[PDB]
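Asker: My questions all concern the structure below.
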Amino acid sequence: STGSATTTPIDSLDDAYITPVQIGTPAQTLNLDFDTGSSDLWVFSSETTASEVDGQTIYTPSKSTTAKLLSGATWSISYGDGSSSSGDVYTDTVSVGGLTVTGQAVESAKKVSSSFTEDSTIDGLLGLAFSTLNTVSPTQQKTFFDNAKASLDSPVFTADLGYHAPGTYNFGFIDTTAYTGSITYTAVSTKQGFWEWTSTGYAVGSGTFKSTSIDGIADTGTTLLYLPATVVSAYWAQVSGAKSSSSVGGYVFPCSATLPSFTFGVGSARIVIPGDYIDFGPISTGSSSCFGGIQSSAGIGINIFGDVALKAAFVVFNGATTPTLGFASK
Ligand SMILES: NCc1ccc(C(F)(F)F)cc1
Ligand SMILES: NCc1ccc(C(F)(F)F)cc1
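If you want it as structure tokens, here you go:
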């Protein structure tokens, strides 16, 4: 079997992407943030503290004939940005673009952090990292991808994110019309539970390509690109008036500047991120200082190939027994 669904930016800056997901019988459609950096499927629900819900669509397990409470199971998650949420667990039927999984763990949020309450457009997350990171206690639960793996024509899913435009998540097959040239595959380490790989280097604008191993994770759930300080300093040195602002918490640049592109290596192939992708607009309404989409990972402890990088490519998450990542230009 296969599945195909459209994913759409939540705002004019591509801060996140939402994808409709059907939960329960009869279907309740929620717009989830597909997150290859985490492994929990959790939703706003009828159980969420009422003051912490501000416009989200909620899952109501009492109205699903296939919902089963998972006795004694709880969950609690903290993300790298300080966000968090927690609650109890149901099993239910979940469908993504016509691909169905019965008995999927649906984690009902009882408590959510402020950043989630303020994002009216995201009803929950669908984690697509490896199941070892799932936070359900005392019995760990599998992700949607892991549960669907056996029924899929091929144990893969692909991420085709749009720049200021809708995109596609596909499960079970690789659309050979969605990219140009060849797909370059690279080895994945699962030892930390992430889609972790090693980039072979980078270039700034038309500059010389610098061969250097950059270890990082492919994370649809993270907006920006986070790379080591040396690389990020080399990029922003090419933008007149750019500087790192402690009060703003990152590199900023004059909104009137033109940004150079950024190239990152995948084996012997190159993925080029257009400079326009690196512009995240004014730091505040009316400001002439703009926020940059390439930031330092020094404070994070790991490099993150977030949406800024991934939307420049067609990306294959190959969940074979030896997992690999595929990158192609598009
Ligand atoms: N998108 C989920 C996510 C968020 C943060 C991290 C960090 F910070 F641990 F790298 C990993 C995964
Ligand atoms: N990396 C996972 C993640 C995704 C979205 C959010 C937001 F946007 F709700 F803050 C936080 C964390």
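Heads up, the sequence shown is in the entry's author numbering, so the first residue is 1 and it goes up one at a time.
Cβ atoms here follow ideal geometry from the backbone N, Cα and C, with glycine treated the same way.
1. Identify whether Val248 lies in helix, strand or coil by the three-state DSSP scheme.
2. So if DSSP puts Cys290 in a beta bridge, which residue, or which two residues, is it bridged to?
3. I think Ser64 touches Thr100, with their Cβ atoms under 8 Å apart; what is that distance to the nearest whole Å?
4. With DSSP collapsed to three states, give me the class of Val232.
5. Looking at the unbroken beta strand (DSSP E) that takes in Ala203, where does it start and where does it end?
6. Can you grab the Cα-Cα spacing for the pair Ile77 / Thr117, in whole Å?
7. Are the region 152 to 162 and the region 72 to 86 in contact at 8 Å, needing three or more beta carbon pairs?
8. Considering only heavy atoms of ligand 1, list every residue whose Cβ is less than 6 Å from one of them, following chain order.
9. Taking only runs that begin and end inside the region 63 to 134, name each unbroken beta strand (DSSP E) of 3 or more residues, in chain order.
10. Spatial neighbours of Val89 within its chain, please: C-beta separation below 8 Å, excluding the five flanking residues on both sides.
11. What are the partner residues of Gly3, as DSSP defines its beta bridges?
12. Which residue's Cα is closest to the Cα of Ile283: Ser261, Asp119, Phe253 and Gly306?
13. From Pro323, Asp15 and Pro20, pick the residue whose C-alpha is nearest to that of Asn170; which is it?
14. Measuring only from the beta carbon, is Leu13 closer than 7 Å to any heavy atom that is part of ligand 2?
Answerer: So, to answer that:
1. Against the sequence shown, residue 248 aligns to sequence position 248. Coil, per DSSP.
2. Sequence index remark: in the sequence shown, residue 290 carries index 290 (1-based). Beta-bridge partners assigned by DSSP to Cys290: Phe253 and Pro282.
3. Position 64 of the sequence shown, counted from the first residue, corresponds to residue 64. Position 100 of the sequence shown, counted from the first residue, corresponds to residue 100. Incorrect: roughly 14 Å between the Cβ atoms, too far for contact.
4. Here residue 232 refers to the residue found at position 232 of the sequence shown. Under the three-state reduction of DSSP, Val232 is assigned to helix.
5. As a position in the sequence shown, residue 203 is number 203, starting the count at 1. Run containing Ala203: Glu196 to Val204, per the beta strand (DSSP E) assignment.
6. In the sequence shown, the residue the question calls residue 77 occupies position 77. In the sequence shown, the residue the question calls residue 117 occupies position 117. Going from the Cα of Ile77 to the Cα of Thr117 covers about 15 Å.
7. They do not touch, by the three-pair rule.
8. The answer, residue by residue, is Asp35, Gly37, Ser38, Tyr79, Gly80, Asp219, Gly221, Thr222, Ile300, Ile302 and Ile304.
9. If you keep only unbroken beta strand (DSSP E) runs of at least 3 residues inside the region 63 to 134, you get 68 to 78, 84 to 96, 99 to 112 and 124 to 127.
10. What you label residue 89 is simply residue 89 of the sequence shown in a count that begins at 1. Counting only residues of its own chain and dropping the five nearest sequence neighbours on each side, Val89 has a CB closer than 8 Å to the CB of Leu69, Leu70, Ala73, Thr74, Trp75, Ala105, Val106, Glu107, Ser108, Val136 and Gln141.
11. Your numbering for residue 3 matches position 3 in the sequence shown. For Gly3, which the question treats as bridged, DSSP gives the partners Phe171.
12. As a first step, residue 283 is located in the sequence shown; it is residue number 283 there, counting from the start. Residue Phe253 is the option with its Cα nearest to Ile283.
13. Translated into the one-based positions of the sequence shown, residue 170 becomes position 170. It is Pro20.
14. Taking the first residue of the sequence shown as position 1, residue 13 is located at position 13. No, the beta carbon of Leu13 sits no closer than 7 Å to any heavy atom of ligand 2.
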